[PDB]
Undergrad: 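Structure in structure tokens, see below.
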Protein chains: 2
Amino acid sequence: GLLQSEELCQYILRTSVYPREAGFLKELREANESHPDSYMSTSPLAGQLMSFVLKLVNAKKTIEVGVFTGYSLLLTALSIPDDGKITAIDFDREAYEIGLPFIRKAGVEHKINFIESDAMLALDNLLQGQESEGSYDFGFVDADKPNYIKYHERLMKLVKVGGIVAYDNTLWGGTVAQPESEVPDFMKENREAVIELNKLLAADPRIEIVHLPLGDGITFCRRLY
Amino acid sequence: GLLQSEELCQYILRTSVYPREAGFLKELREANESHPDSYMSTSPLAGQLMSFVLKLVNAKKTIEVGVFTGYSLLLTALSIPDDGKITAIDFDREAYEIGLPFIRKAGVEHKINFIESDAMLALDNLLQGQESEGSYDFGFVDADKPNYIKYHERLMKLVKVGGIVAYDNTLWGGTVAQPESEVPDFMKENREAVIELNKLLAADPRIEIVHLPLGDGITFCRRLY
Ligand SMILES: Nc1ncnc2c1ncn2[C@@H]1O[C@H](CSCC[C@H](N)C(=O)O)[C@@H](O)[C@H]1O
Ligand SMILES: Nc1ncnc2c1ncn2[C@@H]1O[C@H](CSCC[C@H](N)C(=O)O)[C@@H](O)[C@H]1O
Ligand SMILES: [Ca+2]
Ligand SMILES: [Ca+2]
Ligand SMILES: [Ca+2]
């Protein structure tokens with residue numbers, strides 16, 4: 001992982017994360033384990049900060065791009081009020097169906113609008129008309145990393161001024177800091193994409209940011225205008 | 001408690017932290033280098049999250065326990081509105097005086113009430129105030145680690161419902177996750193103090209928490225009732 005030791009990571013999770021993690025999330029996280037790409041599920045530690053932030057801002061309307069088996073989606077639904085509404089976009093319905101049973105048992109399916117679609121199409125479609133633009137309290141971008149910069153353009157219209165946009169995987173295995181020659185071939189494409197995204201966000205005068213080493217790296221942005 | 005490599009840490013600092021850090025904070029950081037215990041100055045990355053949270057909640061009235069040469073104090077002062085008011089407590093005025101010229105250059109001394117006192121004494125005097133309870137938006141506890149549990153008792157009374165209390169050094173050099181036999185003698189007292197503090201915060205029904213590996217570990221709490 002990103003910390004000095006796996007033991008340190010496990011200490012944080014056991015001490016402060018797992019005891020406060022909803023039972024349904026645990027259940028989903030366990031179901032997820034049987035998936036061949038289980039590693040894609042959102043870090044429970046990153047999730048804990050997402051929850052904290054959602055509650056701090058009393059987020060009610062949110063959007064998630066990249067749902068997979070549903071851990072961040074369920075965490076978000078559990079964090080927001082009973083009347084909260086989430087727009088959840090992914091082109092993989094099969095993966096969503098792995099976490100859906102836990103979303104149902106948790107009593108929060110009513111909060112979720114799952115949109116099975118290419119993400120760019122879905123986001124641009126939402127930006128037609130007036131009911132979506134500037135309406136979201138919080139956005140989570142966790143889909144295909146080479147498209148993050150393009151998603152940022154849309155999220156910065158979808159999320160209201162003063163709202164939050166978070167990007168996952170912004171340290172990409174630590175590889176973004178390493179000399180390129182040390183990096184396995186399979187990691188290079190997203191390494192490049194994430195480096196470019198990080199530079200963009202750090203420079204963007206339209207946001208305040210915090211780039212955190214939680215899970216695989218997560219960056220929270222507040223929209224200034 | 002830190003990251004897998006110095007390279008990764010320096011990447012985050014240079015890419016996302018230092019370019020957005022206030023000039024006067026850098027100045028203070030440089031002055032701090034001359035103090036024999038300079039290592040006690042707050043991590044700029046933890047600071048960047050502190051600023052983010054402070055702005056997110058529109059904190060105006062804050063309290064800091066453990067000032068040293070002033071990095072977190074100045075960061076807080078720059079984060080809150082012009083009419084913001086900070087109660088800043090430390091028994092070492094000499095260290096405060098190292099940061100004070102930068103606080104003055106920044107034009108924020110007027111926000112700060114520096115109390116040169118034992119921390120528990122200052123907090124208990126504050127609490128004799130008939131209207132002190134629930135008056136603070138944000139507290140930062142960064143003094144002597146064996147007293148963190150007692151400080152929490154006080155901070156839970158001083159900070160408003162929905163307010164935030166943060167504790168620094170909640171991973172104590174990573175030692176909290178190591179068997180005691182692998183830890184230097186001089187680190188053992190605070191290792192145990194922080195282990196117990198973390199257990200207390202994790203189990204406290206009055207708060208929601210997030211325990212983060214930024215700097216030496218920082219835990220943010222939100223008071224629920
Ligand atoms: N162009 C695209 N449009 C929509 N979804 C996409 C996409 N490219 C990749 N994805 C989706 O992005 C997801 C990345 S993994 C998302 C992880 C999820 N947040 C969790 O907590 O489990 C995958 O489910 C994948 O199907
Ligand atoms: N019992 C006590 N009462 C008041 N201050 C105390 C104390 N024990 C330790 N301290 C103070 O706690 C501080 C810890 S270091 C504080 C670091 C500071 N937040 C920064 O960013 O620079 C020291 O300055 C020390 O003098
Ligand atoms: Ca992810
Ligand atoms: Ca002096
Ligand atoms: Ca400290």
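Per chain, numbering begins at 1; letters A, B, ... match sequence-line order. Only this structure's heavy atoms are used, side chains among them; waters, hydrogens and symmetry mates stay out.
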Undergrad: Is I209(A) close to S16(B) at the side-chain level, that is, under 4.5 Å between some pair of heavy atoms?
TA: yes
Undergrad: Which residue out of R14(A), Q10(A), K55(A) racks up the most heavy-atom pairs below 4.5 Å with chain B?
TA: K55(A)
Undergrad: Is any side-chain heavy atom of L49(A) less than 4.5 Å from a side-chain heavy atom of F220(B)?
TA: no
Undergrad: So, for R20(A) and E208(B), which heavy atoms are closest and what is the spacing to 0.1 Å?
TA: NH1-CA, 3.8 Å
Undergrad: Just wondering, do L212(A) and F52(B) contact through their side chains at under 4.5 Å, heavy atoms?
TA: no
Undergrad: Could you look at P19(B) and say if it's the side chain, the backbone, both or neither that has a heavy atom under 4.5 Å from chain A?
TA: neither
Undergrad: Looking only at heavy atoms, what is the nearest atom pair of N198(A) and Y11(B), with distance?
TA: ND2-OH, 2.9 Å
Undergrad: Count the heavy atoms of every other residue, nucleotide or ligand shown that sit under 6.0 Å from NZ of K188(A), and state whether that count exceeds 12.
TA: yes
Undergrad: With a 4.5 angstrom heavy-atom cut-off, is it the side chain or the backbone of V53(B) that approaches chain A, or both, or neither?
TA: side chain
Undergrad: Please indicate whether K150(B) has more than 12 foreign heavy atoms, meaning atoms of other residues, nucleotides or ligands, lying under 6.0 Å from its NZ.
TA: no
Undergrad: So what's closer than 4.5 Å to chain A heavy atoms on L214(B): side chain, backbone, both or neither?
TA: side chain
Undergrad: Among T219(B), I164(B), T170(B), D204(B), which has the most heavy-atom pairs under 4.5 Å with chain A?
TA: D204(B)
Undergrad: Looking at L3(B), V57(B), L8(B), which makes the most heavy-atom pairs under 4.5 Å with chain A?
TA: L3(B)
Undergrad: Taking all non-hydrogen atoms of both residues into account, name the closest pair between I12(B) and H211(A) and its distance.
TA: CG2-O, 3.7 Å
Undergrad: With a cut-off of 6.0 Å (strictly less than), are more than 12 heavy atoms of other residues, nucleotides or ligands near CD of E182(A)?
TA: yes
Undergrad: How far apart are the closest heavy atoms of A202(B) and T15(A), and which atoms are they?
TA: CB-O, 3.1 Å
Undergrad: Taking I195(A), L45(A), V176(A), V17(A) one by one, which has the highest count of heavy-atom pairs under 4.5 Å against chain B?
TA: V176(A)
Undergrad: Mind checking whether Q4(B) and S5(A) have side chains closer than 4.5 Å, heavy atoms only?
TA: no
Undergrad: Can you say whether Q178(A) sits under 4.5 Å from chain B via the side chain, the backbone, both, or neither, judging by heavy atoms?
TA: both
Undergrad: Looking at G162(A), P213(A), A203(A), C9(A), which makes the most heavy-atom pairs under 4.5 Å with chain B?
TA: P213(A)
Undergrad: Please look at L201(B) and chain A and tell me whether the side chain, the backbone, both or neither of the residue comes under 4.5 angstrom of a heavy atom of that chain.
TA: backbone
Undergrad: Do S51(A) and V210(B) have side chains that get closer than 4.5 Å, going by heavy atoms?
TA: no
